[PDB]
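Remarks on the structure that follows.
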Ligand SMILES: *[C@@H](C=O)COP(=O)(O)O
Ligand SMILES: *[C@@H](C=O)COP(=O)(O)O
């Protein structure tokens, strides 16, 4: 944790987001990907999970738009149909390799969650399995109900995120901290805005109390919207205004980038919100980019459907959707390249 | 607290610091100024306090360097020798008028302090006395000993600052929040650095929990150094490095400016640290300027000495010291204008 060591972390964080690039999140656990597969009639075999990731990672030209990919631990042990380790597909493309390091969530208080896995995190970061990884991801999730998120749950999750971040950095990995505001709930956009300001300001408190190197941390955040069960409407401009206000109010100049999660919003909406936030005026130092799983890969799944004959078209949709995300990351989606 | 109302606050915060300008703090209570007077053989009469402020405010050309002045409540009731209200001296110069609104400090826990006066703050902000004021100041003070500042004292002071800030803004005043790290103590520069990161990150938490308009808040901060009782040395470059790192780690892009307090450091050291921080590289949105009482007015006091014959020379020293501070505010002190 010397000066050159700290500069390498900042260089990695910037490389992931250079030139309007963003992150393809491919880190779904077998259970989470399985559910997605089963809706579309695809069998949850290890082989189909391996093939799905091969389809994503082998897409030609994807590195123009994708600066990093977040892998699931299992995918590090996997090869392509042709024999090449899946990580080698990304390395050869110059794409940064990430590892999701949380062990999921457990119950906290009444109706809330904390994320787990810190006890062996340092040991796991040193696994030879992840030797090629240069960044990591850890997700917490904030449920919304009456009087919730509670302050205890904000503090505990921010504490856990910050502890994970410092361990990552000590092992030479850039941490993505993901304080996700869960979309499935009944809350107004005002309430999301206000609580996002609490969560993000508290996260910055704990990162600072843990003396995390702030230029080597990426924040993966939810857009500010009302909850899916609210009857409240919003437009991309309003999402952009509220989200950017919350970020300008909470995120220090030293943070290199914010990457938005799609969170259950549509692919089109998530990309449209990104474009709108990048068209907003308001001085800032950090990039506003993407870390999408669903918004980038739902179309791939829906086109592929487990049939090899559909793969070329599935890869085409990945590339085209990645292009749009990247254009959104620079506020240029309305403009012809 | 409508949109135009919020834009006026941001415009005021920017006007105070435009063009490398800074703040002349002249807000010493009769007791605090009195002690300064008595060291230099000057009688603590109301007349000498009035005359001292007249000497400061009537200095020709001071508005090139000073964007705002922080007044003591008593000075709003005062006139020049020639009959002109002292506030009119500043208004005519286009200098923003501020009011210090705290009622000082009281004991908290063991050996710590909190600042007081929130109970009638809203009423006081509406006083016709302060009709010409456009900004305010409120000071908390953090003592350092073993295990101190305590977390309770950080939280309580940040809470008080944030409550004051929101009341100010609701009354159309830009709040300066002053979480001063007291120089008189025995602590290392590492410890100051780490605790400054705790204090400033926690302050940003409470400002966010109070839903303060972040573009309409100014932060008056201590430089990061070791304590006066420490035998540890430092240079301007090291102060600059540590202070800017702490600020980049904690202060959101939305804050318009940080103004350093001189804090018991020499006039020359305080101006030299300002120059050094403004020569540092590292992207940021906020101005780095000054809010000095001692660093700007100790020389004036020492030249004047209560003798009218010395006033012209005293004003010359104010103007020359203000020039240097302003050059420091743009990192140009080594360079000839
Ligand atoms: C990133 C997960 O690692 C965000 O995924 P989403 O875009 O919400 O499916
Ligand atoms: C500002 C007081 O209002 C700072 O005063 P100092 O420069 O520390 O004497």
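Residue numbers (PDB author numbering), protein chains in the order written: chain A, 2 to 338; chain A', 2 to 338. A prime marks a further copy of an entry chain. Ideal Cβ placement from N, Cα and C applies to all residues, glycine included.
Is residue i close to chain A? Criterion is C-beta to C-beta, closer than 7 Å.
{"i": "residue 189(A')", "result": "no"}
{"i": "residue 165(A')", "result": "no"}
{"i": "residue 177(A')", "result": "no"}
{"i": "residue 86(A')", "result": "no"}
{"i": "residue 169(A')", "result": "no"}
{"i": "residue 202(A')", "result": "yes"}
{"i": "residue 73(A')", "result": "no"}
{"i": "residue 154(A')", "result": "no"}
{"i": "residue 311(A')", "result": "no"}
{"i": "residue 159(A')", "result": "no"}
{"i": "residue 255(A')", "result": "yes"}
Would residue i count as contacting chain A' if we go by Cβ distances under 7 Å?
{"i": "residue 215(A)", "result": "yes"}
{"i": "residue 2(A)", "result": "no"}
{"i": "residue 224(A)", "result": "no"}
{"i": "residue 197(A)", "result": "no"}
{"i": "residue 250(A)", "result": "yes"}
{"i": "residue 304(A)", "result": "no"}
{"i": "residue 205(A)", "result": "yes"}
{"i": "residue 37(A)", "result": "no"}
{"i": "residue 125(A)", "result": "no"}
{"i": "residue 285(A)", "result": "yes"}
{"i": "residue 210(A)", "result": "yes"}
Return the CA-CA distance between residue i and residue j, expressed in angstroms with no decimal places.
{"i": "residue 255(A)", "j": "residue 159(A)", "result": "18 Å"}
{"i": "residue 212(A)", "j": "residue 2(A)", "result": "11 Å"}
{"i": "residue 68(A)", "j": "residue 12(A)", "result": "13 Å"}
{"i": "residue 218(A)", "j": "residue 125(A')", "result": "43 Å"}
{"i": "residue 207(A)", "j": "residue 200(A')", "result": "12 Å"}
{"i": "residue 167(A')", "j": "residue 121(A)", "result": "44 Å"}
{"i": "residue 91(A')", "j": "residue 146(A)", "result": "53 Å"}
{"i": "residue 283(A)", "j": "residue 21(A)", "result": "18 Å"}
{"i": "residue 215(A')", "j": "residue 184(A')", "result": "27 Å"}
{"i": "residue 276(A)", "j": "residue 336(A)", "result": "11 Å"}
{"i": "residue 105(A')", "j": "residue 298(A')", "result": "21 Å"}
{"i": "residue 135(A)", "j": "residue 96(A)", "result": "10 Å"}
{"i": "residue 144(A)", "j": "residue 202(A)", "result": "18 Å"}
{"i": "residue 330(A')", "j": "residue 155(A)", "result": "38 Å"}
{"i": "residue 118(A)", "j": "residue 302(A)", "result": "30 Å"}
{"i": "residue 209(A')", "j": "residue 161(A')", "result": "13 Å"}
{"i": "residue 241(A')", "j": "residue 274(A')", "result": "6 Å"}
{"i": "residue 267(A')", "j": "residue 54(A')", "result": "21 Å"}
{"i": "residue 15(A)", "j": "residue 286(A)", "result": "12 Å"}
{"i": "residue 310(A')", "j": "residue 98(A')", "result": "28 Å"}
{"i": "residue 333(A)", "j": "residue 238(A)", "result": "15 Å"}
{"i": "residue 123(A)", "j": "residue 338(A')", "result": "55 Å"}
{"i": "residue 74(A')", "j": "residue 100(A')", "result": "7 Å"}
{"i": "residue 128(A)", "j": "residue 66(A)", "result": "29 Å"}
With residue i and residue j assumed to form a contact (beta carbons below 8 Å), what rounded beta-carbon distance in angstroms separates them?
{"i": "residue 70(A)", "j": "residue 27(A)", "result": "6 Å"}
{"i": "residue 278(A)", "j": "residue 244(A)", "result": "6 Å"}
{"i": "residue 102(A)", "j": "residue 165(A)", "result": "7 Å"}
{"i": "residue 157(A')", "j": "residue 115(A')", "result": "5 Å"}
{"i": "residue 50(A')", "j": "residue 31(A')", "result": "6 Å"}
{"i": "residue 18(A)", "j": "residue 170(A)", "result": "Not really, about 18 Å apart at Cβ, beyond 8 Å."}
Could you tell me if the beta carbon of residue i falls within a distance shorter than 6 Å of some heavy atom in ligand 3?
{"i": "residue 124(A')", "result": "In the structure shown, ligand 3 is absent; the only ligands present are ligand 1 and ligand 2."}
Hey, which unbroken runs of the alpha helix (DSSP H) at 4 residues or more fall wholly within the segment 34–112 of chain A?
-> Listed in chain order, the complete alpha helix (DSSP H) runs (minimum 4 residues) inside the segment 34–112 of chain A are 47–58 and 87–93.
Are the segment 188–195 of chain A and the segment 31–41 of chain A in contact at 8 Å, needing three or more beta carbon pairs?
-> Judged by Cβ distances under 8 Å, the segment 188–195 of chain A makes no contact with the segment 31–41 of chain A, as fewer than three pairs qualify.
Just checking, does the segment 258–274 of chain A' make contact with the segment 204–223 of chain A' on the three C-beta pairs under 8 Å criterion?
-> Proximity of the segment 258–274 of chain A' to the segment 204–223 of chain A' meets the contact definition, three or more beta-carbon pairs being nearer than 8 Å.
Three or more C-beta pairs below 8 Å linking the segment 106–125 of chain A' and the segment 79–95 of chain A' | Note that the segment 106–125 of chain A' does not touch the segment 79–95 of chain A'; fewer than 3 beta-carbon pairs, one per stretch, sit closer than 8 Å.
Segments of 4+ residues assigned as alpha helix (DSSP H) that fall wholly inside the segment 122–150 of chain A = Counting only runs of 4 or more, we get 122–126.
Taking three-plus beta-carbon pairs below 8 Å as touching, is the segment 166–178 of chain A' in contact with the segment 299–311 of chain A?
-> Of all C-beta pairs linking the segment 166–178 of chain A' to the segment 299–311 of chain A, fewer than three are shorter than 8 Å, placing the two stretches out of contact.
Is the segment 232–242 of chain A touching the segment 225–236 of chain A' in the sense that three or more CB pairs, one from each, lie closer than 8 Å?
-> Touching, no.
For the segment 244–269 of chain A, list the beta strand (DSSP E) runs that are entirely contained and at least 3 residues long, ordered along the chain.
-> With a minimum length of 3 residues, the continuous beta strand (DSSP E) runs that stay inside the segment 244–269 of chain A are 258–261.
Within the chosen definition, does the segment 320–333 of chain A reach the segment 280–294 of chain A through at least 3 CB pairs nearer than 8 Å?
-> These segments touch.
How about the segment 236–255 of chain A and the segment 240–250 of chain A': do they share at least three Cβ pairs that are nearer than 8 Å?
-> Because the criterion of three Cβ pairs below 8 Å is met, the segment 236–255 of chain A and the segment 240–250 of chain A' touch.
Are the segment 59–67 of chain A' and the segment 312–324 of chain A' touching, with three or more C-beta to C-beta distances below 8 Å?
-> Three or more pairs of CB atoms, one per stretch, sit closer than 8 Å, so the segment 59–67 of chain A' contacts the segment 312–324 of chain A'.
Kindly provide the ranges of any alpha helix (DSSP H) runs that are 4 or more residues long and lie completely inside the segment 266–310 of chain A', ordered along the chain.
-> Within the segment 266–310 of chain A', the complete alpha helix (DSSP H) runs of at least 4 residues fall at 268–280 and 295–305.
Report the residue ranges of all beta strand (DSSP E) runs contained in full by the segment 189–254 of chain A; include only those spanning at least 3 residues, in chain order.
-> The segment 189–254 of chain A contains these whole beta strand (DSSP E) runs: 219–222.
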